[PDB]
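For reference, the structure discussed in these notes is given below.
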Amino acid sequence: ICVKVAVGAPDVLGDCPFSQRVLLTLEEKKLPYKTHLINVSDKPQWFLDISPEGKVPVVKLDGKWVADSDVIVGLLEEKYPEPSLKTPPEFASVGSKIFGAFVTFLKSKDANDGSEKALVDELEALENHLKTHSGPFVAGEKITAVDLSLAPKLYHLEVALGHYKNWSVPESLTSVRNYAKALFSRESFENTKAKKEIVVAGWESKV
Ligand SMILES: N[C@@H](CCC(=O)N[C@@H](CS)C(=O)NCC(=O)O)C(=O)O
């Protein structure tokens, strides 16, 4: 068994945290996979045929192409249940606004707009959960789907805000920092992350 994954070429689309979420899921389930790069920044109709919104990642499972990383990891969970990555529904929303807050802050040219505070507000909510719930991960001792969704977002956050704004996560958010190190140090992450240079380049137009 070998899962086909369509991701963006680093030169044309950058690094995608939603693609790395899928790849992490395959790694953690030890599912073999082959990565096919999509060279196009445009949307040729054969690509919109496999992916209605013209987005990566897309995955080929059971001879059919399926887009959307939320759908993809859920379908991989149903097809390959061991090891289980099911996140208990009550933790599904943990960290959910962080990535969006980071993009606004990264984009912002007005240091007075409140974007930085909005991001710290979301990081603090993650910190509250991690300090008051057994770790290392959001749901406990075992890694689950919510952790593989957050990890590439935390990675892009730290890399991109460190380069474009020499901004780092506040030192007082020690649980968040231990959480990211625990995720970044995993074999699945080291084998699916992009060079910092790719991350930085992917975001240059937005800054
Ligand atoms: N909700 C989708 C989001 C996927 C997504 O937005 N991918 C971006 C790259 S990070 C993309 O393909 N953008 C294509 C474009 O419109 O340029 C998912 O989880 O897979």
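Letters for chains follow the order of the structure tokens (A, B, ...), residue numbers begin at 1 for each chain, and ligand numbers begin at 1 in the order shown.
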Spatial neighbours of residue A:200, 7 Å, only C-alpha atoms, chain gap at least 4 places, as a PDB file with N, CA, C and O atoms, in the first residue's frame:
ATOM      1  N   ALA A 160       8.604  32.300  10.547  1.00  0.00           N
ATOM      2  CA  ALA A 160       8.279  33.481   9.752  1.00  0.00           C
ATOM      3  C   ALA A 160       8.309  34.761  10.584  1.00  0.00           C
ATOM      4  O   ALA A 160       8.784  35.799  10.108  1.00  0.00           O
ATOM      5  N   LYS A 196      14.030  26.227   6.756  1.00  0.00           N
ATOM      6  CA  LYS A 196      13.531  27.522   7.147  1.00  0.00           C
ATOM      7  C   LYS A 196      13.499  28.438   5.953  1.00  0.00           C
ATOM      8  O   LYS A 196      12.613  29.247   5.841  1.00  0.00           O
ATOM      9  N   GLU A 204       7.081  35.646   1.561  1.00  0.00           N
ATOM     10  CA  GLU A 204       7.576  36.950   1.168  1.00  0.00           C
ATOM     11  C   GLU A 204       6.575  37.886   0.512  1.00  0.00           C
ATOM     12  O   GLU A 204       6.558  39.064   0.810  1.00  0.00           O
TER      13      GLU A 204
END
task: Would you list the residues that come within 6 Å of ligand 1? Count only C-alpha atoms and all ligand atoms and give the answer as a list in words.
output: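 Based on only C-alpha atoms and all ligand atoms, ligand 1 is surrounded within 6 Å by residues 16, 17, 18, 55, 56, 57, 68, 69 and 70 of chain A.
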Using only C-alpha atoms, what does the table of stretch 165-195 of chain A residues within 10 Å of stretch 140-148 of chain A look like, with each row giving the shortest atom pair and its distance in Å to one decimal, sorted by chain and ascending number, as a Markdown table?
| residue | atom | partner | partner_atom | distance |
| --- | --- | --- | --- | --- |
| A:179 | CA | A:147 | CA | 9.3 |
| A:180 | CA | A:147 | CA | 9.6 |
| A:183 | CA | A:147 | CA | 7.8 |
| A:188 | CA | A:148 | CA | 9.6 |
| A:189 | CA | A:148 | CA | 8.9 |
Write to file, as a short mmCIF file (atom, residue, chain, number, x, y, z; two decimals), in the first residue's frame, the residues of the selection just made, with N, CA and C atoms.
data_model
loop_
_atom_site.label_atom_id
_atom_site.label_comp_id
_atom_site.auth_asym_id
_atom_site.auth_seq_id
_atom_site.Cartn_x
_atom_site.Cartn_y
_atom_site.Cartn_z
N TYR A 179 5.85 22.59 24.30
CA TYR A 179 4.97 21.89 23.37
C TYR A 179 5.54 21.87 21.95
N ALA A 180 6.04 23.01 21.49
CA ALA A 180 6.60 23.07 20.14
C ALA A 180 7.88 22.24 20.02
N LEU A 183 6.93 18.67 19.71
CA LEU A 183 6.45 18.34 18.37
C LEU A 183 7.59 18.41 17.34
N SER A 188 8.59 12.10 12.77
CA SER A 188 7.63 12.49 11.73
C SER A 188 7.81 13.95 11.33
N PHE A 189 8.09 14.83 12.29
CA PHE A 189 8.23 16.24 11.96
C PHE A 189 9.55 16.51 11.23
#
statement: Nearest to residue A:177, restricted to only C-alpha atoms and choosing among A:126, A:71, A:37, A:92, comes out as A:126
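For the residues A:159, A:6, A:75, A:119, ranking by smallest atom-to-atom distance to residue A:195 using only C-alpha atoms places A:159 first.
Atom pair atom CA of residue A:101 / atom CA of residue A:206: separated by 14.0 Å.
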